[PDB]
Peer 1: 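Following this message is one structure expressed as structure tokens.
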Amino acid sequence: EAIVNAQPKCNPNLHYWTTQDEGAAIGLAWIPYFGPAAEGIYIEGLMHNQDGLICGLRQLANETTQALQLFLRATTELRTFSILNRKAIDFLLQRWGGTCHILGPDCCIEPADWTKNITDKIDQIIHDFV
Amino acid sequence: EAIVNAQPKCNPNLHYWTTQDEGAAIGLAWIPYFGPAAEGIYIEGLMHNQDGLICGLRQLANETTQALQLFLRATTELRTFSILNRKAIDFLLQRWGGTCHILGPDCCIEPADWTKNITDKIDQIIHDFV
Amino acid sequence: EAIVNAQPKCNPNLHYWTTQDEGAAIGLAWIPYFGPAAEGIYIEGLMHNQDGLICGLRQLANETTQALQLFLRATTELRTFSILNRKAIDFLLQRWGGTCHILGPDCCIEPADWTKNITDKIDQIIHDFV
Ligand SMILES: *[C@@H]1O[C@H](CO)[C@@H](O[C@@H]2O[C@H](CO)[C@@H](O[C@@H]3O[C@H](CO[C@H]4O[C@H](CO)[C@@H](O)[C@H](O)[C@@H]4O)[C@@H](O)[C@H](O)[C@@H]3O)[C@H](O)[C@H]2NC(C)=O)[C@H](O)[C@H]1NC(C)=O
Ligand SMILES: *[C@@H]1O[C@H](CO)[C@@H](O[C@@H]2O[C@H](CO)[C@@H](O[C@@H]3O[C@H](CO[C@H]4O[C@H](CO)[C@@H](O)[C@H](O)[C@@H]4O)[C@@H](O)[C@H](O)[C@@H]3O)[C@H](O)[C@H]2NC(C)=O)[C@H](O)[C@H]1NC(C)=O
Ligand SMILES: *[C@@H]1O[C@H](CO)[C@@H](O[C@@H]2O[C@H](CO)[C@@H](O[C@@H]3O[C@H](CO[C@H]4O[C@H](CO)[C@@H](O)[C@H](O)[C@@H]4O)[C@@H](O)[C@H](O)[C@@H]3O)[C@H](O)[C@H]2NC(C)=O)[C@H](O)[C@H]1NC(C)=O
Ligand SMILES: CN(C)CCCN1c2ccccc2CCc2ccc(Cl)cc21
Ligand SMILES: CN(C)CCCN1c2ccccc2CCc2ccc(Cl)cc21
Ligand SMILES: CN(C)CCCN1c2ccccc2CCc2ccc(Cl)cc21
């Protein structure tokens, strides 16, 4: 489904913070003893509403809440870190969880450039037929 | 291996409880503040011994214990939530962890309907040969 | 990249300890109540510097530290058990995260023994052509 922002307002710009997990450390800064404290590990950036992605993202986070809260109600884990990894596994299982029937709509195998490996190899034997 | 129930008795019916993780919530019931308490999140059902699955399941849980206890002895995690996700990964790695040699017994790729895409395409060029 | 041990010294032998997760238990030893205490769950072994793997491994662990410490700085998990499982997922996603274009350098599908299934099947119809 498409996402329809139905909020009273939308801040169209996203001034965000996150961590850089693979930081190009300078000298000893990667050593915990010498590195930044908890407050100084963040990077920042600014994103504008190109393609309406910011207003759509606000609505998406909004619409995600019901399913996320129901998932949290059903789990006994106190802190859940595994949602994205489980999504990655389900991505793979949806495509590769069974036999891949080539040309099938649910089999992600492209034999396009391989048919030209053999349709140029029709003149293998039918062209050279002295 | 097949499962042979070797227990003194078997309750052939399984009156079970579980959680519905994607619940079709009614109104505000998905909001933790308004929703059910810990005791009211469960659904119930009843399963009979069709195909002997209940008596087999009791024996399976029984026979699983040794390996499960040895796994728990070797882990340092206090609470283990990852067994099923690891099983899913190993499912994928067993089939897709290496090169898939088509027609091989360990490669789950079916080219059956794709050979008829090219065996009906023998009359491509051998039929139309004026 | 290759690994170049740049340490002051290298102990070329690895006297290691680990756990056997699938232990061939003898009798009741798998039962926690009867089994070994925390100090008696370990197996041991000895590895020599064949192919320079021990000296390389010491350097690898050394060189891994910066990236590992930066990963730990960016996570909010108190104890991280998921690095290897995430590596396995990324292994699969790198090969199977998109459409597999056969003969492509990033598609791990081998049609070698399947082309002989059809190149011996050129004499299907071109040999038997009465
Ligand atoms: C996702 O986005 C939705 C849209 O922004 C959010 O919807 C909000 O949902 C809550 C309920 O969960 C509503 O709060 C209720 O408000 C009503 C109406 O209050 C009105 O009453 C007076 C008198 O009639 C009226 O003059 C005012 O205009 C008030 O607005 C109360 O009766 C309820 O008791 C309850 O307080 C919000 O109104 C509703 N917003 C909108 C714009 O529909 C939703 O909460 C978001 N989800 C998350 C997880 O944040
Ligand atoms: C999986 O299913 C198995 C089968 O139901 C369970 O097997 C049970 O395993 C325990 C040991 O772990 C046994 O308990 C032992 O019982 C013996 C014999 O007691 C008998 O002794 C008197 C006098 O000879 C006899 O008259 C009675 O009939 C008694 O039965 C004791 O000597 C031991 O000290 C120990 O208590 C069970 O007997 C055994 N059951 C069966 C039916 O074989 C197994 O426990 C299940 N696994 C899990 C994890 O639940
Ligand atoms: C991975 O392996 C590397 C190589 O074994 C390790 O490199 C070590 O890194 C630390 C810094 O993190 C260095 O410690 C520094 O030492 C210098 C120099 O001390 C020298 O000074 C006197 C006077 O000049 C000299 O006579 C001596 O020979 C001393 O060696 C100090 O100035 C610093 O303050 C700091 O103490 C090590 O020297 C360095 N070792 C080598 C062999 O380069 C690295 O630590 C390993 N990584 C991990 C995570 O273990
Ligand atoms: C510039 N765009 C091409 C890529 C936008 C990246 N992006 C993203 C990706 C898909 C949909 C919405 C959004 C905008 C939100 C957001 C927030 C954080 C990060 Cl780290 C990326 C991110
Ligand atoms: C009706 N059967 C076709 C499907 C049975 C579902 N099932 C199951 C699946 C494989 C083998 C044994 C069992 C019976 C035990 C059990 C328990 C809970 C649930 Cl949520 C399903 C479940
Ligand atoms: C005998 N070698 C063929 C296999 C070595 C096994 N190995 C290993 C594998 C790849 C590279 C370095 C090392 C040596 C270190 C080490 C440590 C523990 C274990 Cl459990 C295996 C292990």
Side-chain angles (χ1 to χ4, degrees), chain A residues 1-12 14 49 52-76 80 83 86 90 93 97-98, chain B residues 1-36 41-74 80-81 83-85 87-88 91, chain C residues 21-36:
Chain A
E1 33 192 339
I3 297 149
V4 183
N5 188 299
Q7 301 303 313
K9 294 210 172 73
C10 177
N11 184 358
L14 180 59
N49 203 29
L53 302 174
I54 302 309
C55 288
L57 178 73
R58 298 193 186 283
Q59 182 67 20
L60 171 68
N62 172 268
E63 293 179 1
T64 301
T65 309
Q66 174 170 338
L68 180 53
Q69 292 277 26
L70 289 170
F71 171 88
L72 294 177
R73 168 189 296 172
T75 191
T76 52
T80 293
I83 287 167
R86 194 195 166 189
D90 283 345
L93 288 176
Chain B
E1 33 192 339
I3 297 149
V4 183
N5 188 299
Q7 301 303 313
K9 294 210 172 73
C10 177
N11 184 358
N13 302 297
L14 180 59
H15 191 195
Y16 68 90
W17 55 263
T18 187
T19 64
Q20 52 179 347
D21 179 335
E22 182 56 43
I26 299 317
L28 313 170
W30 61 270
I31 295 171
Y33 174 82
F34 288 113
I41 67 170
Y42 305 100
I43 61 166
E44 65 161 300
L46 181 59
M47 269 184 264
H48 303 292
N49 203 29
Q50 284 152 29
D51 294 323
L53 302 174
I54 302 309
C55 288
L57 178 73
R58 298 193 186 283
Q59 182 67 20
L60 171 68
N62 172 268
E63 293 179 1
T64 301
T65 309
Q66 174 170 338
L68 180 53
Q69 292 277 26
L70 289 170
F71 171 88
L72 294 177
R73 168 189 296 172
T80 293
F81 293 90
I83 287 167
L84 293 181
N85 277 2
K87 290 284 191 186
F91 181 100
Chain C
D21 179 335
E22 182 56 43
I26 299 317
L28 313 170
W30 61 270
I31 295 171
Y33 174 82
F34 288 113

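In what follows, every chain begins at residue 1, and chains take the letters A, B, ... in the order their sequences are listed. Below, each value reflects all heavy atoms present in this structure, side chains not excepted, and no hydrogens, waters or symmetry copies. Indexing begins at 1, ligand by ligand and atom by atom, following the structure's order.
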Peer 1: Does the protein put any heavy atom within less than 4.0 Å of atom 5 (O) of ligand 1?
Peer 2: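 Protein heavy atoms within 4.0 Å of atom 5 (O) of ligand 1 - there is at least one.
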
Peer 1: Evaluate the 4.0 Å heavy atom contact test for atom 48 (C) of ligand 1: does a protein atom fall under the cut-off?
Peer 2: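 True for atom 48 (C) of ligand 1.
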
Peer 1: Protein heavy atoms near atom 20 (C) of ligand 1, is at least one of them under 4.0 angstrom away?
Peer 2: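 No, there is none.
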
Peer 1: Working to the nearest 0.5 Å, report the span between OH of B/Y33 and CG of B/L28.
Peer 2: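 Taking OH in B/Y33 and CG in B/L28, the distance rounds to 11.0 Å.
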
Peer 1: Between B/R58 and B/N11, is any pair of side-chain heavy atoms under 4.5 Å apart?
Peer 2: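 Heavy-atom side-chain distance check passes, below 4.5 Å.
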
Peer 1: To which protein heavy atom is atom 42 (C) of ligand 1 closest, and what is the distance rounded to 0.1 Å?
Peer 2: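 For atom 42 (C) of ligand 1, the nearest protein heavy atom is A/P8 CG, 3.9 Å.
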
Peer 1: Kindly indicate whether atom 2 (O) of ligand 1 is approached by any protein heavy atom to under 4.0 angstrom.
Peer 2: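 For atom 2 (O) of ligand 1 the answer is yes, since some protein heavy atom falls inside 4.0 Å.
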
Peer 1: Any protein heavy atom lying closer than 4.0 Å to atom 44 (C) of ligand 1?
Peer 2: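 Yes, at least one protein heavy atom sits under 4.0 Å from atom 44 (C) of ligand 1.
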
Peer 1: Check each atom of ligand 2 against the heavy atoms of B/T65 and keep those under 4.0 Å away; list them by number with element.
Peer 2: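 Once the distances to B/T65 are compared, the set is 49 (C).
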
Peer 1: Would you verify that at least one protein heavy atom lies under 4.0 Å from atom 32 (O) of ligand 1, or report that none does?
Peer 2: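 No, there is no protein heavy atom closer to it than 4.0 Å.
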
Peer 1: Can an N or O of B/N62 be found at a distance shorter than 3.5 Å from an N or O of ligand 2?
Peer 2: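 Among all N and O atoms of B/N62, at least one is under 3.5 Å from an N or O of ligand 2.
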
Peer 1: One residue to check: B/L57. Relative to ligand 5, which of side chain, backbone, both or neither has a non-hydrogen atom less than 4.0 Å away?
Peer 2: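 Just the side chain.
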
Peer 1: For atom 11 (C) of ligand 2, which protein heavy atom lies nearest, and how many Å away is it?
Peer 2: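 Here the closest protein heavy atom is C/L28 CD2, 4.6 Å.
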
Peer 1: Do me a favour and list the nearest non-hydrogen protein atom to atom 21 (C) of ligand 5 with residue, atom name and distance?
Peer 2: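 In this structure, atom 21 (C) of ligand 5 has B/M47 CE, 3.9 Å as its nearest protein heavy atom.
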
Peer 1: Heavy atoms of the protein only: does one fall short of 4.0 Å from atom 35 (C) of ligand 1?
Peer 2: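 No; the ligand atom in question lacks any protein heavy-atom contact below 4.0 Å.
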
Peer 1: Taking distance alone, with N or O pairs closer than 3.5 Å, would you say B/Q7 contacts ligand 2?
Peer 2: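 For ligand 2, there is an N or O atom that lies under 3.5 Å from one belonging to B/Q7.
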
Peer 1: What protein heavy atom sits nearest atom 2 (N) of ligand 5, and how far off is it?
Peer 2: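 The answer is B/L53 CD1, 4.5 Å.
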
